[PDB]
Amino acid sequence: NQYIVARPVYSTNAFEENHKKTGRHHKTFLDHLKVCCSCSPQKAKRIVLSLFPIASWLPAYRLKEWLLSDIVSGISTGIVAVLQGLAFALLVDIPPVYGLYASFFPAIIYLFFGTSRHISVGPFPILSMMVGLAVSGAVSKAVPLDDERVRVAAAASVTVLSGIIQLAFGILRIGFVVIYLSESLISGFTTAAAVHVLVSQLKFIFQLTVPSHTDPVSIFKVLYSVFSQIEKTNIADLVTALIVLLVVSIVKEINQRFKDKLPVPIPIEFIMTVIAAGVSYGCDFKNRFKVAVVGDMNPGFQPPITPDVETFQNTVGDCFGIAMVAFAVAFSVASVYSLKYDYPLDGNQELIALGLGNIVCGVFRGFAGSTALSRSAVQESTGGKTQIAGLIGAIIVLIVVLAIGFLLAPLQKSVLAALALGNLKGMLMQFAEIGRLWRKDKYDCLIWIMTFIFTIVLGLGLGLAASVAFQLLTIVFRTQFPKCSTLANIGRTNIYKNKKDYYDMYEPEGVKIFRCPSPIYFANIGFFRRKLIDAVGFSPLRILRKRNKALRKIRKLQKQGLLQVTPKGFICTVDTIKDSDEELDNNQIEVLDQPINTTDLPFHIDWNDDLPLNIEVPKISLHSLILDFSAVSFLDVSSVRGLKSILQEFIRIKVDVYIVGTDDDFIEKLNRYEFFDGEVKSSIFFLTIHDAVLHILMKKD
Amino acid sequence: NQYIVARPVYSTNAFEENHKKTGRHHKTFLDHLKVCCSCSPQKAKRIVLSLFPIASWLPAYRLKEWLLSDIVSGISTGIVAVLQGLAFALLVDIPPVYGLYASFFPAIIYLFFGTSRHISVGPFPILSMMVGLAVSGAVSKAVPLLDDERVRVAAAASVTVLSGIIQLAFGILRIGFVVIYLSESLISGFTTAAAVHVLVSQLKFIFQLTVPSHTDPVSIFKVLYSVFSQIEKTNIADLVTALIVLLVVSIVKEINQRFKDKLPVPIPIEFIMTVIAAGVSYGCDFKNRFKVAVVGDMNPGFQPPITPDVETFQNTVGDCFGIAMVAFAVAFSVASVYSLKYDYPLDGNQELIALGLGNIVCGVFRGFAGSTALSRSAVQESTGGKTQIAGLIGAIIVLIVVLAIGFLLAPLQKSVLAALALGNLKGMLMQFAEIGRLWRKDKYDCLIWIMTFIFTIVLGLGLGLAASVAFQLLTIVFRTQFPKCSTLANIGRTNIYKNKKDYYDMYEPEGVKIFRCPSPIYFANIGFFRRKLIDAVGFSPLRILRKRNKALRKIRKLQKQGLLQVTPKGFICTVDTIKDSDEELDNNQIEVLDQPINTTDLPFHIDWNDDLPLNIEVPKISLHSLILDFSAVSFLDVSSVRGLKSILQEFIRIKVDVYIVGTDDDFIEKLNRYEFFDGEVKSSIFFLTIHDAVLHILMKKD
Ligand SMILES: CCCCCCCC/C=C\CCCCCCCC(=O)O[C@@H](COC(=O)CCCCCCCCCCCCCCC)COP(=O)([O-])OCC[N+](C)(C)C
Ligand SMILES: CCCCCCCC/C=C\CCCCCCCC(=O)O[C@@H](COC(=O)CCCCCCCCCCCCCCC)COP(=O)([O-])OCC[N+](C)(C)C
Ligand SMILES: CCCCCCCC/C=C\CCCCCCCC(=O)O[C@@H](COC(=O)CCCCCCCCCCCCCCC)COP(=O)([O-])OCC[N+](C)(C)C
Ligand SMILES: CCCCCCCCCCCCCCCCCCOC[C@@H](O)COP(=O)(O)OCC[N+](C)(C)C
Ligand SMILES: CCCCCCCCCCCCCCCCCCOC[C@@H](O)COP(=O)(O)OCC[N+](C)(C)C
Ligand SMILES: CCCCCCCCCCCCCCCCCCOC[C@@H](O)COP(=O)(O)OCC[N+](C)(C)C
Ligand SMILES: CCCCCCCCCCCCCCCCCCOC[C@@H](O)COP(=O)(O)OCC[N+](C)(C)C
Ligand SMILES: CCCCCCCCCCCCCCCCCCOC[C@@H](O)COP(=O)(O)OCC[N+](C)(C)C
Ligand SMILES: CCCCCCCCCCCCCCCCCCOC[C@@H](O)COP(=O)(O)OCC[N+](C)(C)C
Ligand SMILES: CCCCCCCCCCCCCCCCCCOC[C@@H](O)COP(=O)(O)OCC[N+](C)(C)C
Ligand SMILES: CCCCCCCCCCCCCCCCCCOC[C@@H](O)COP(=O)(O)OCC[N+](C)(C)C
Ligand SMILES: CCCCCCCCCCCCCCCCCCOC[C@@H](O)COP(=O)(O)OCC[N+](C)(C)C
Ligand SMILES: CC(C)CCC[C@@H](C)[C@H]1CC[C@H]2[C@@H]3CC=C4C[C@@H](O)CC[C@]4(C)[C@H]3CC[C@]12C
Ligand SMILES: CC(C)CCC[C@@H](C)[C@H]1CC[C@H]2[C@@H]3CC=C4C[C@@H](O)CC[C@]4(C)[C@H]3CC[C@]12C
Ligand SMILES: CCCCCCCCCCCCCC
Ligand SMILES: CCCCCCCCCCCCCC
Ligand SMILES: CCCCCCCCCCCC
Ligand SMILES: CCCCCCCCCCCC
Ligand SMILES: CCCCCCCCCC
Ligand SMILES: CCCCCCCCCC
Ligand SMILES: CCCCCCCCCC
Ligand SMILES: CCCCCCCCCC
Ligand SMILES: CCCCCCCCCC
Ligand SMILES: O=C([O-])C(=O)[O-]
Ligand SMILES: O=C([O-])C(=O)[O-]
């Protein structure tokens with residue numbers, strides 16, 4: 001092997017002048033606007049099909065290979081969705097038939113406007129908790145069965161606003177907001193929310209009466225209310241909830257272990273609820289043990305409702321937090337299946353489909369939902385091929401809402417709470433990410449730990465905003481104090497490494513190579529300046545000021561006649577200089593930062609050589625400063641200004657500055673900042689460190 | 001002038017093997033915590049000298065060179081500080097003697113604990129506005145005319161004590177570097193919007209109207225309405241006097257800045273205008289003749305110490321934090337200009353400590369928060385300020401005014417004080433020109449400017465700043481969100497690789513792709529990176545693996561059926577035109593298609609880019625080597641390493657070699673901590689440069 005290269009030394013300007021650069025016209029916003037309004041016939045066809053995805057996938061349905069599958073996954077998931085809807089309507093503190101409404105309308109709208117083929121659309125625990133908190137706040141902030149009616153009305157208006165926000169984000173094509181939530185953040189938020197839900201199910205396991213607490217620290221208020229009244233716990237409910245929680249857990253593991261052997265996952269939720277409903281009815285637990293039951297539900301749908309502006313005004317922030325969490329979750333679950341089954345997934349259409357589904361749901365008295373991973377995993381694991389299975393789940397929910405709902409009358413709320421608690425093992429086990437992130441990346445461990453605390457203390461909605469803000473702040477933490485280094489040549493070749501990391505390294509005399517391994521901007525520009533000064537060994541502005549002082553003294557001593565100018569040196573007729581400094585005042589002291597123009601003097605002054613009449617100036621050995629900008633991705637206004645100041649000061653003390661390792665786009669953007677001028681020129685940019693070093697060597701020889 | 005190189009090709013590992021690495025110790029947190037508790041004699045002496053800077057700059061005082069200049073500068077800045085304190089006590093909506101207390105106490109404390117030698121310590125308009133808004137909130141949220149102003153004075157003192165406590169705590173924990181979280185354009189937009197706030201807040205004194213104590217959000221509009229809803233009750237004497245003063249001061253301030261050389265000292269115009277205003281207001285009895293609002297009679301002397309209301313503390317925590325952050329940012333900014341202009345070191349943590357102690361003492365003695373005004377620090381410095389003895393002399397004049405000659409400021413109108421404030425406001429108002437400039441240079445900083453302005457005008461000055469800082473952190477993500485990822489090519493049959501779309505006569509080695517992302521890769525852009533890499537190579541590595549696994553499954557089923565035979569020559573098909581019967585894997589078995597293809601059981605290797613027998617079809621790829629130019633990739637977070645590991649494993653399972661080049665030794669060290677390397681992904685994929693990887697590939701292929 002041999003890396004053999006023989007090319008001329010290239011400055012960025014020289015390379016461009018020797019290589020024809022394809023002239024490429026950048027696409028200005030103006031043009032982008034035109035193609036946007038093309039109105040091509042084909043274009044329109046694409047748009048409409050994109051907004052009504054059912055017109056594409058339905059006509060291509062493989063009946064022989066998907067119908068039976070879709071049917072089975074649909075009946076199974078719908079059976080899960082009925083119970084999940086009842087439980088999550090308990091989480092919202094409204095009658096439970098509204099949970100059935102919530103499990104029927106978004107699935108039906110997403111069947112038409114949705115792009116996922118596997119996600120089960122409906123409520124999930126975190127969003128039901130967020131919606132409940134919003135309604136409790138709205139009822140508190142209102143200028144004046146009734147309580148149930150008021151809560152139900154508020155749950156609908158929050159949902160419509162949440163959906164409108166979702167619909168708006170999808171129309172404006174902002175479907176990329178999901179990138180602003182990292183893996184460590186979502187993890188901490190979701191385990192904190194699982195702890196929230198665990199705490200929220202305690203009033204149903206024990207059957208206690210807990211107020212509608214609101215954030216901050218809502219979880220602790222609930223815990224106090226529960227354990228303060230812990231002695232009133234209904235044992236039958238608890239034993240039941242504990243029995244239901246225990247059994248389902250074991251069966252679920254079996255389903256995850258013997259999955260390959262299992263033809264179909266064992267439906268433990270349906271079986272347990274049926275047995276629970278049966279034994280409660282046969283033994284009349286409601287009277288025998290005073291257990292809390294779901295009760296009788298109205299056999300039908302409710303008439304449409306009008307969104308209340310007052311609720312909208314009092315819950316706008318909560319609805320935003322709700323829309324963002326719903327989109328983050330649904331997209332997240334859908335993405336897993338899209339990468340698993342190789343089909344494209346459009347976020348904008350998702351927001352539109354999730355927005356419209358929520359509007360129809362809030363209009364028809366339901367509450368916000370997107371998807372529950374548990375129910376979706378149940379849909380995908382049971383043979384879900386397309387959104388037809390979802391249509392069958394919504395059909396099962398319909399059947400429950402109109403004809404057989406009366407069977408869910410003797411079912412206890414502790415059983416629903418026990419199921420909702422059983423679905424928490426996946427999110428609760430995410431506490432193991434703390435140690436992993438500690439080992440790998442402590443900024444992401446900080447993101448996780450902080451999100452957990454914020455979510456627990458400030459709540460689901462506010463905890464998330466503070467968490468995203470802190471997540472953005474860690475980016476600054478990572479780049480705030482870059483490990484800048486001085487480089488040196490190792491091997492007498494074109495390899496320049498850290499000077500402190502190897503032996504037998506070589507630094508060309510008078511030359512300094514400095515590397516900042518990060519983008520330079522407002523938060524680290526001062527640090528870059530400090531580290532560059534520590535690396536070169538002096539402050540260029542201080543050297544310039546002392547040189548200007550020395551030149552002022554030379555001019556004062558020579559025009560008085562004590563120092564005669566000669567083209568050979570600084571001969572002095574009298575060597576009786578007395579100690580005296582000018583002591584410039586506040587108004588005049590800035591004359592010491594100006595460039596040294598000694599053209600007035602016949603002979604050049606070697607500032608690094610001894611001066612006449614014992615004038616002392618700090619002598620510098622640096623003549624060439626190379627800045628390795630290879631990992632400097634961007635600059636901002638603050639940093640370009642700091643950079644220019646630094647360079648100007650080094651140039652004014654006659655230190656040639658070279659910037660190497662930058663691409664052509666970097667020099668392109670710097671031109672827009674008006675960085676270059678008479679003093680700082682584009683000839684300071686070279687291709688690599690070695691190019692600059694060879695240029696320096698030939699200049700100096 | 002030739003770049004001539006003749007060295008061996010180097011993977012990062014071969015370079016570490018050939019060149020012995022200098023062993024360096026671990027900078028452990030425990031041993032660092034060991035140096036923390038030094039208890040050394042000199043260390044104790046330098047710690048105490050730092051916490052008490054006066055013990056180091058006072059003995060080193062140059063009398064014959066500094067004393068008279070400091071005396072003159074102190075006289076001037078104290079005469080300015082009296083009037084500025086009165087005006088800012090107007091801004092806080094308390095009696096005007098508390099502005100004198102705010103101009104006295106922090107200066108005397110900063111004389112002892114301050115590191116700056118040129119800033120004038122005291123209140124400035126933005127902080128007086130913030131303190132007044134915090135005071136209104138405290139009074140509004142307080143659980144149930146002089147008693148109204150007494151409540152406001154107590155709430156101001158308490159807000160000040162809490163602001164000083166927060167500053168002193170931030171200086172004790174050594175967090176004096178938070179000023180870096182405010183960019184030049186954030187500060188520019190904030191100070192322009194705040195100058196607009198201060199302009200609107202002085203209108204109730206120019207016109208002499210009764211405006212309620214509006215609180216944010218949109219207090220500037222609530223206030224604009226209150227003023228113009230009653231613009232018919234405007235006092236004409238107040239407006240005329242305020243106008244004339246503003247005109248004169250503006251002209252002289254210009255005369256001052258321009259003719260700096262001919263004037264030995266700047267013309268004191270604030271002072272002269274105040275004396276003339278008070279004289280023509282007392283002689284002509286403007287108070288009775290035109291019914292103008294005057295400063296009134298002030299209580300001669302200081303007030304006894306007060307105890308901070310914990311209730312006010314509870315109701316103003318957020319406000320006090322904001323008052324503390326804005327105060328530190330302004331003071332540090334003002335002080336920095338002069339540290340740099342005069343070459344002396346400026347400790348930021350001692351700045352926080354001194355400002356916090358000054359605010360605590362001021363609030364205890366019935367003052368309001370203040371850190372420094374750029375206008376008054378300018379007067380002290382331009383009049384010859386050399387040390388903080390000028391601040392001591394300014395505080396002595398404020399003391400003289402408080403105790404002895406405060407009654408002279410009795411007939412002075414408040415419109416004159418408002419006019420002085422506006423004359424000082426023009427400098428910050430002139431920052432609207434930065435909009436167009438930033439638009440041309442950096443639209444992200446233009447966005448920071450405009451959004452900071454809008455957040456500060458619409459929302460409060462405290463919520464506005466918090467919202468503004470958050471959006472400025474978000475623009476950092478905006479920059480590194482959609483990087484201009486590109487494909488490189490060789491240019492000049494040498495070691496120069498540039499954008500494939502930029503020059504003519506470039507050269508792509510057959511089968512090699514070189515991909516460059518010019519940004520750090522993290523959670524917000526790992527998806528965009530994966531998408532652009534897939535667009536660059538021309539295919540999806542995963543789709544290929546699944547199709548090959550699908551094909552291999554069909555090949556294997558056929559073999560189990562005797563329909564074809566496998567021999568060292570290849571696949572022998574006695575039966576051709578096989579029935580097409582796709583397997584249709586289910587949802588729980590489909591994952592088998594992402595597994596590495598293990599065909600070792602088969603006697604011969606399968607050329608997946610050749611023709612497969614019996615109508616089997618797989619996409620063919622020309623790529624056999626992928627170079628990733630990670631030179632400008634600064635950092636990698638956990639999300640990015642996961643996405644990265646994922647992408648690389650897929651390329652490797654489809655037998656495409658992957659190379660990461662251009663990275664430094666710290667970058668690779670960190671990746672080892674992420675558990676990135678393993679049996680499939682090895683540290684051999686790392687090469688020093690692109691040419692090294694390319695040469696290594698040419699050598700492999702040939
Ligand atoms: C491209 C990015 C898109 C951003 C879109 C942002 C949209 C922002 C636009 C509008 C929203 C903010 C103002 C409220 C709505 C305007 C109408 C209004 O008058 O406000 C009313 C309700 O307003 C409130 O009480 C809630 C205050 C805002 C909380 C939400 C902000 C954080 C969530 C957002 C997260 C942002 C990040 C989004 C990412 C998830 C109050 O005003 P009023 O009723 O006239 O008052 C009269 C007296 N009254 C009060 C008694 C009635
Ligand atoms: C309101 C209610 C909230 C309650 C929350 C309670 C949650 C916590 C409760 C239980 C968590 C229990 C699981 C811990 C990890 C188990 C798995 C693991 O191996 O991790 C390992 C590392 O150590 C860790 O990862 C855990 C570190 C502590 C995390 C919990 C507290 C911090 C929560 C955030 C702060 C909140 C408070 C912040 C303010 C102080 C420990 O396993 P091992 O066997 O020892 O190691 C074997 C070797 N191995 C590591 C290589 C494998
Ligand atoms: C509550 C009270 C708030 C009131 C606020 C009012 C503030 C604004 C009032 C007055 C501003 C007047 C100064 C403008 C600039 C002058 C200097 C300049 O040369 O700039 C130039 C560029 O153009 C600009 O820089 C200005 C663009 C508009 C900015 C003002 C509105 C945006 C404020 C934020 C949005 C707020 C609302 C957002 C929602 C809609 C114009 O100069 P020129 O001579 O034309 O150009 C010559 C060539 N040259 C450019 C190379 C030199
Ligand atoms: C991207 C921009 C935002 C999103 C798009 C714009 C917003 C779209 C969604 C708008 C809101 C949703 C549609 C409208 C909802 C309200 C729709 C309101 O209509 C309700 C009635 O139909 C109810 O009928 P009733 O008979 O029950 O009437 C009750 C009163 N009486 C008659 C009984 C006394
Ligand atoms: C998975 C989705 C469906 C889940 C259903 C619940 C789980 C199945 C097991 C339910 C509990 C066991 C069976 C039911 C026991 C209690 C059974 C309670 O009986 C209700 C009584 O009124 C008698 O039944 P009727 O048919 O007279 O009632 C008519 C009611 N309407 C039609 C007039 C309104
Ligand atoms: C497979 C579906 C779920 C699992 C099967 C269903 C659950 C089976 C377990 C039933 C619960 C266990 C039996 C009941 C336990 C509590 C046993 C409760 O007994 C209370 C009675 O002594 C008096 O009734 P009161 O309602 O007046 O309550 C007064 C309570 N003291 C003061 C007398 C104690
Ligand atoms: C490419 C440039 C433009 C990109 C689009 C614009 C920027 C999009 C990204 C924005 C950040 C990421 C999305 C948001 C994530 C966090 C989304 C956080 O949601 C906020 C809610 O949690 C707030 O709930 P609160 O209860 O605190 O509301 C209180 C409201 N009052 C009471 C104060 C009025
Ligand atoms: C970094 C950690 C935080 C910062 C350090 C810790 C906090 C330091 C600052 C603590 C607060 C400031 C010092 C204490 C202030 C309150 C100091 C309270 O004392 C006030 C009395 O001296 C007033 O005397 P009077 O005679 O007027 O008494 C009034 C009541 N009678 C007697 C007339 C009826
Ligand atoms: C900036 C620092 C000094 C600025 C001073 C302001 C400039 C002077 C111009 C003021 C206008 C005209 C002159 C003053 C008119 C109001 C002057 C009002 O005088 C009060 C009258 O009783 C006569 O004055 P006395 O000498 O009796 O006052 C003694 C008051 N104590 C000591 C008993 C309490
Ligand atoms: C450098 C020194 C400062 C600058 C120079 C000093 C400023 C000189 C300005 C002198 C006063 C300027 C204008 C005043 C014009 C209003 C002229 C109004 O005069 C009002 C009086 O006749 C009656 O007293 P009132 O206070 O009740 O006012 C009633 C007002 N109306 C109903 C009769 C109209
Ligand atoms: C290098 C690693 C260690 C880093 C050290 C710690 C990092 C510190 C940096 C923090 C972020 C940037 C600094 C912040 C500057 C902006 C400073 C922002 O000020 C916040 C206040 O304005 C909040 O005012 P509010 O109106 O919200 O208060 C009202 C309270 N209630 C009524 C709502 C309850
Ligand atoms: C306006 C006062 C009466 C209305 C009060 C109620 C409304 C308050 C807000 C009104 C608008 C704000 C006040 C007016 C602000 C506009 C003031 C806008 O000024 C911008 C120009 O000065 C900038 O152009 P220059 O050529 O000066 O360039 C900058 C200077 N160098 C750097 C080139 C030398
Ligand atoms: C804040 C985090 C980081 C650590 C401290 C958590 C604190 C705030 C938690 C732990 C225990 C909690 C308290 C537990 C009991 C009560 C009584 C009841 O009226 C509800 C609120 C209240 C008063 C809680 C307030 C919040 C609380 C004090
Ligand atoms: C929000 C930013 C981005 C643009 C819109 C600014 C809006 C909110 C501004 C412009 C004009 C302002 C209004 C002007 C007049 C009044 C009447 C008075 O009762 C004070 C508030 C109120 C009602 C203001 C509310 C805020 C306001 C409406
Ligand atoms: C009444 C409770 C208000 C709670 C406010 C919490 C504010 C948290 C700010 C966190 C700043 C760090 C970056 C997000
Ligand atoms: C009572 C009205 C409160 C309004 C609060 C609005 C908060 C807006 C925050 C925007 C933050 C943007 C970060 C990128
Ligand atoms: C926050 C966890 C503890 C909540 C309170 C538990 C019960 C404490 C005693 C209550 C007596 C009324
Ligand atoms: C939005 C700023 C101006 C608000 C209105 C000012 C007063 C206009 C006349 C009001 C008459 C009642
Ligand atoms: C699922 C089994 C339901 C059994 C119900 C028995 C009712 C008996 C009533 C006397
Ligand atoms: C009302 C609170 C709004 C919080 C928005 C947080 C956005 C963070 C962006 C980094
Ligand atoms: C009460 C609002 C406080 C929010 C502080 C935000 C700090 C900005 C950095 C994310
Ligand atoms: C060895 C030097 C010790 C210096 C101690 C200073 C103590 C100051 C207390 C105010
Ligand atoms: C600064 C000039 C003050 C003149 C005061 C005149 C007072 C006259 C009272 C009759
Ligand atoms: O919220 C949840 O736990 C879910 O999505 O299943
Ligand atoms: O607030 C101001 O304008 C100042 O500091 O001068």
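Numbering of ligands and ligand atoms starts at 1, following listing order. Residue numbers start from 1 in every chain, and the chains themselves are labelled A, B, ... in the order their sequence lines are given, proteins ahead of strands. No hydrogens, no waters, no symmetry mates; every other heavy atom, side chains included, goes into these values.
Closest to atom 3 (C) of ligand 7 among all protein heavy atoms lies B/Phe478 CZ, 3.8 Å. Atom 6 (C) of ligand 17 has as its closest protein heavy atom A/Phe227 CB, 4.0 Å. Summary of contacts: the protein heavy atom closest to atom 32 (C) of ligand 11 is B/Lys141 NZ, 4.0 Å. Counting protein heavy atoms only, atom 8 (C) of ligand 11 is closest to B/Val178 CG1, 3.8 Å. For atom 1 (C) of ligand 7, the closest non-hydrogen atom of the protein is B/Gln481 NE2, 3.6 Å. Here the heavy atom of the protein found nearest to atom 19 (O) of ligand 11 is B/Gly322 CA, 3.8 Å. Of all protein heavy atoms, the one lying nearest to atom 24 (O) of ligand 7 is A/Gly317 O, 3.5 Å. Atom 15 (C) of ligand 7 has its closest protein heavy atom at A/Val468 CG2, 3.9 Å. Of the protein's heavy atoms, A/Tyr224 CD1, 3.1 Å lies nearest to atom 5 (C) of ligand 17. The protein heavy-atom contact nearest to atom 14 (C) of ligand 11 is B/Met325 CG, 4.7 Å. In this structure, the protein non-hydrogen atom closest to atom 13 (C) of ligand 11 is B/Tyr181 CD1, 4.4 Å.
Checked by atom type and distance alone, the side chain of B/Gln472 pairs as donor or acceptor with a backbone atom of B/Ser183 at under 3.5 Å. The backbone N or O of A/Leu354 sits less than 3.5 Å from a side-chain atom of A/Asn358, completing a donor-acceptor pair.
Taking each of A/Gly461, A/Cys319, A/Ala465 in turn, the one with a heavy atom nearest to atom 22 (O) of ligand 7 proves to be A/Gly461. Of the candidates B/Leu474, A/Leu464, A/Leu172, the one placing a heavy atom closest to atom 10 (C) of ligand 7 is B/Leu474.
Near A/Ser228, the atoms of ligand 17 lying under 4.0 angstrom from a non-hydrogen atom of the residue are 12 (C). Within ligand 7, counting atoms from 1 as listed, the ones closer than 4.0 Å to a heavy atom of A/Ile174 are 5 (C). Using a 4.0 Å cut-off to heavy atoms of A/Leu462, the atoms of ligand 7 that qualify are 27 (O).
Side-chain contact check for A/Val325 versus A/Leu460: every heavy-atom pair is 4.5 Å or farther apart. For the pair A/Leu202/A/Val222, no side-chain contact is recorded, criterion being any heavy-atom separation below 4.5 Å from C-beta on. Two residues are said to be in side-chain contact when any heavy atoms from C-beta on lie closer than 4.5 Å; A/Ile179 and B/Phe523 fail this criterion.
Within the 4.0 Å cut-off (strictly below), a protein heavy atom is located near atom 12 (C) of ligand 17. Under the 4.0 angstrom criterion, atom 9 (C) of ligand 17 counts as lacking any protein heavy-atom contact. For atom 2 (C) of ligand 17, the nearest protein heavy atom lies 4.0 Å or farther away. Protein heavy atoms are found less than 4.0 angstrom from atom 27 (O) of ligand 7.
The cationic atom of B/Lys532 (NZ for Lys, CZ for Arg) lies less than 6.0 Å from the six-membered ring centre of B/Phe528 and within 45° of the ring axis.
Taking only nitrogen or oxygen atoms, main chain and side chain alike, A/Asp318 reaches within less than 3.5 Å of ligand 7.
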Query raised in the report: Should A/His213 and A/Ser225 be marked as a side chain to side chain donor-acceptor pair (under 3.5 Å) after you check the CA-CA gap, both sets of side-chain angles, and the distance that decides it?
Result: CA-CA 10 Å; A/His213 295 303; A/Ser225 303; 2.9 Å; yes
Query raised in the report: Hey, mind stepping through B/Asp637 and B/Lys670 against salt bridge (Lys or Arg N to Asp or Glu O under 4.0 Å) and telling me if it holds?
Result: CA-CA 10 Å; B/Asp637 72 358; B/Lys670 298 185 183 61; over 6 Å; no
Report task. For the pair B/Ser219 and B/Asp216, evaluate side chain to side chain donor-acceptor pair (under 3.5 Å) and give the outcome as yes or no after the intermediate values. Result -> CA-CA 5 Å; B/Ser219 64; B/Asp216 291 303; 2.6 Å; yes
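For the residue pair A/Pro519 and A/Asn524, the shortest heavy atom distance occurs at O-ND2, 2.7 Å.
Between A/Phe176 and B/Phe482, the ring-plane angle classifies as perpendicular under the 30° and 60° cut-offs. Ring planes of B/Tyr522 and B/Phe635: tilted class, angle from 30 to 60°.
Between the CD atom in A/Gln166 and the SG atom in A/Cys319 there is a gap of 10.5 Å [rounded to 0.5 Å].
The residue B/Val317 has no part lying near ligand 11, judged by heavy-atom distances below 4.0 Å.
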